[PDB]
Amino acid sequence: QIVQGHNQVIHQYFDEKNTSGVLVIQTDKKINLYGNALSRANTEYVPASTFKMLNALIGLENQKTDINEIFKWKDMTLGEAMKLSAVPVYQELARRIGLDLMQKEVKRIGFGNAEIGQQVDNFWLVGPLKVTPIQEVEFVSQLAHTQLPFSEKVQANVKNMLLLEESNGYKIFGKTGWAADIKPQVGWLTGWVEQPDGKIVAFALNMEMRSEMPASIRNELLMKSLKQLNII
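Residues numbered from 1 in each chain as written, not as in the entry; some residues may be left out. Heavy atoms only, no water.

- For this deposited structure, the header cites X-ray crystallography as the method used and 1.2500 Å as the resolution.

Things to note about the environment of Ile97
Next up, step 1: Structurally, the position occupied by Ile97 is in helix α4 (residues 89–97).
Next up, step 2: The spacing of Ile97 and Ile172 is 75 residues in sequence and 29 Å in space, taken between C-alpha atoms.
Next up, step 3: Sequence-distant contacts of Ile97, defined by excluding residues within four places in its chain, comprise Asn55, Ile58, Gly59, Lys64 and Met102. (Helix = DSSP H or I, 4+ residues; strand = E, 2+ residues; numbered from the N terminus. Contact = heavy atoms within 4.5 Å.)

With respect to the nonpolar core
Next up, step 1: Membership of the largest hydrophobic core comes to 58 residues, with the highest contact counts inside it found for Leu54, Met102 and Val106.
Next up, step 2: Discounting residues that sit within four places of it in the chain, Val106 has contacts with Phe51, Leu54, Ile58, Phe111, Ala114, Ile116 and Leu129.
Next up, step 3: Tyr13, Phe14, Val201 and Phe203 belong to the second largest nonpolar core, which has 22 residues in total. (Core = buried A, V, L, I, M, F, W, Y, C linked by side-chain atoms within 4.5 Å. Buried < 20%, exposed > 50% of the residue type's maximum accessible area, 1.4 Å probe, protein only.)

A few points about the pairing of strand β7 (residues 200–209)
Next up, step 1: With 9 of 10 residues buried, β7 is to be regarded as a mostly interior element.
Next up, step 2: Bridge analysis of strand β2 (residues 21–26) against β7 gives 6 bridges, and the strand direction is antiparallel. From the neighbouring strand, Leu23 faces β7, where its bridge partner is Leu205.
Next up, step 3: Hairpin connection, strand β6 (residues 185–194) to β7: the antiparallel pair is bridged by 5 residues, and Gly198 has positive phi, about 100°. (Pairing = 2+ DSSP bridges.)

Description of helix α5 (residues 99–109)
Next up, step 1: For α5, the complete set of buried residues consists of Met102, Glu105, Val106 and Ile109. Buried residues along α5 cover an arc of 100° about the axis, so they all sit on one side. For α5, the exposed residues set more than 90 degrees away from the buried face come down to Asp100, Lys104 and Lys107.
Next up, step 2: Of the surrounding elements, those touching the buried residues of α5 are α2 (52–61), α4, α6 (123–126) and α7 (133–144).
Next up, step 3: Following α5 by one or two positions, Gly110 has its phi on the positive side, about 70°. (Arc of directions from axis to C-beta.)

Overview of the pattern of salt bridges
Next up, step 1: Evaluation of the coordinates by the stated rule reveals 9 salt bridges.
Next up, step 2: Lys74 is paired through a salt bridge with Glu80; the nearest N and O atoms lie 3.4 Å apart.
Next up, step 3: Its relative accessible area of 38% is what places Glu80 among the partly exposed residues.
Next up, step 4: Between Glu105 and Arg108 there is a salt bridge, and its shortest N-O distance comes to 2.9 Å. One end of the pair is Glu105 and the other is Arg108, both in helix α5 and 3 residues apart, which spans about a single turn.
Next up, step 5: Overlapping salt bridges bring together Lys17, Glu220 and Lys224 as one network. (Salt bridge = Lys/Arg side-chain N within 4 Å of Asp/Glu carboxyl O.)

Brief notes about the side chain of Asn32
Next up, step 1: Along the polypeptide, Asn32 turns up in strand β3 (residues 31–35).
Next up, step 2: From its side chain, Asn32 meets the backbone oxygen of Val3 in a polar contact 3.3 Å long.
Next up, step 3: Engagement of the side chain of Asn32 in a polar contact is seen with the side chain of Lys30, the distance being 2.7 Å. (Polar contact = N/O pair within 3.5 Å; in protein donor to acceptor, adjacent residues only side chain to side chain.)

Listed below in structure tokens is the structure:
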């Protein structure tokens, strides 16, 4: 039920960037694999800031913050901080949750290897928490469908923080991640497309990064691939 898709064109997209990558697509029926390094789909990597999705769910569910709270620096909300790079709001939230509640929630959700270690404010960037791209697409598909074991309102509020782009009636939700301080570097873009008729198609892009690459390379590869697959 996890099968290589029609991959002759998308494979070349990753080759052209001179790196190894996979794109996992989950529909209501199938999981398909694309890219030039399909073994990445079942390989565990640190989640990097893709973990912000679960951090926000845990923090909101346990009333450690709310969507209107202003975090002092600009000063900003949890939702404003979701899409921003190198902001400490999510480290502060992790400290409020605390190691014990964070580990209990991550174990209850079963996210990746579900190991957070002893440092509550960085385990998603350097380990020991790791997750495969297949696990990430399954997690984000559950979020999109309001099927995670959290409040419906909490799931809706986190989904609203994840809107990336809208065009031509399609909404693209998701979250970037880049673990730059481990070797090799790991890049993520995990999320879903809400098509005009309401159908949901979830994705997880995972690729090796290098320091000279523009951050936009992940979105660039994602959009070209989703177009080739007629998902947008």
